[PDB]
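Asks: The structure is given below, and queries will be raised subsequently.
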């Protein structure tokens, strides 16, 4: 069980990196899509106002 | 399981890129269609006013 925990530590490190990658990719994608839609709506609102 | 996580990290990176592409394409398309309809309505409103 000691040897198994010695390797399980490195397994948990790699799983931590993968969870980091997945979470930041999901949040970045959703936030940038909302910002792009908002920018297009803002320039459209400028043209509507004129 | 350690080797499988070493490759699964790169799989999750590529899936993050694909989700980014899909989300920003959908939001950009819907926002630009609404802006185009609004611009045509605005120029029509100018001509109606005259």
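Residue numbers (the authors' numbering), protein chains in the order written: chain A, 696 to 745; chain A', 696 to 745. A prime marks a further copy of an entry chain. Backbone N, C-alpha and C fix where the C-beta goes; we use that ideal spot for every residue, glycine too.
1) For residue 739 (chain A'), is the classification buried or exposed, using 16 other Cβ atoms within 10 angstroms of its Cβ as the cut-off for buried?
2) Rounding to the nearest angstrom, what Cα-Cα distance links residue 706 (chain A') and residue 714 (chain A) in this structure?
3) Thinking just about the alpha-carbon of each residue, which of A':736, A':722, A':696, A':704 is nearest to the one in residue 704 (chain A)?
4) Return the Cβ separation of residue 709 (chain A) and residue 700 (chain A') in integer angstroms, given the expectation that the two are a contact with Cβ distance under 8 Å.
5) Listing by chain order, which chain A residues have their CB less than 7 Å from the CB of residue 696 (chain A')?
6) With burial defined as no fewer than 16 other Cβ atoms inside 10 Å of the residue's Cβ, what is the status of residue 722 (chain A'): buried or exposed?
Replies: The relevant details are as follows:
1) Working through the second chain from its first residue, we reach residue 739 (chain A') at position 44. With a 10 Å radius around the Cβ and a threshold of 16 neighbouring Cβ atoms, residue 739 (chain A') comes out exposed.
2) Mapped onto the second chain, residue 706 (chain A') falls at position 11. Mapped onto the first chain, residue 714 (chain A) falls at position 19. Each residue's alpha carbon lies about 12 Å from the other.
3) Here residue 704 (chain A) is taken as the residue at index 9 of the first chain, counted from 1. Nearest Cα to residue 704 (chain A) within the set A':736, A':722, A':696, A':704: A':696.
4) The residue you call residue 709 (chain A) lines up with position 14 of the first chain. The residue you call residue 700 (chain A') lines up with position 5 of the second chain. Indeed, because the Cβ distance is near 4 Å, the residues count as touching under 8 Å.
5) Here residue 696 (chain A') refers to the residue found at position 1 of the second chain. Neighbours of residue 696 (chain A') on chain A, chain order: 706.
6) Locating residue 722 (chain A') in the second chain gives position 27, counting from the first residue. With 16 or more other Cβ atoms within 10 Å, it is buried.
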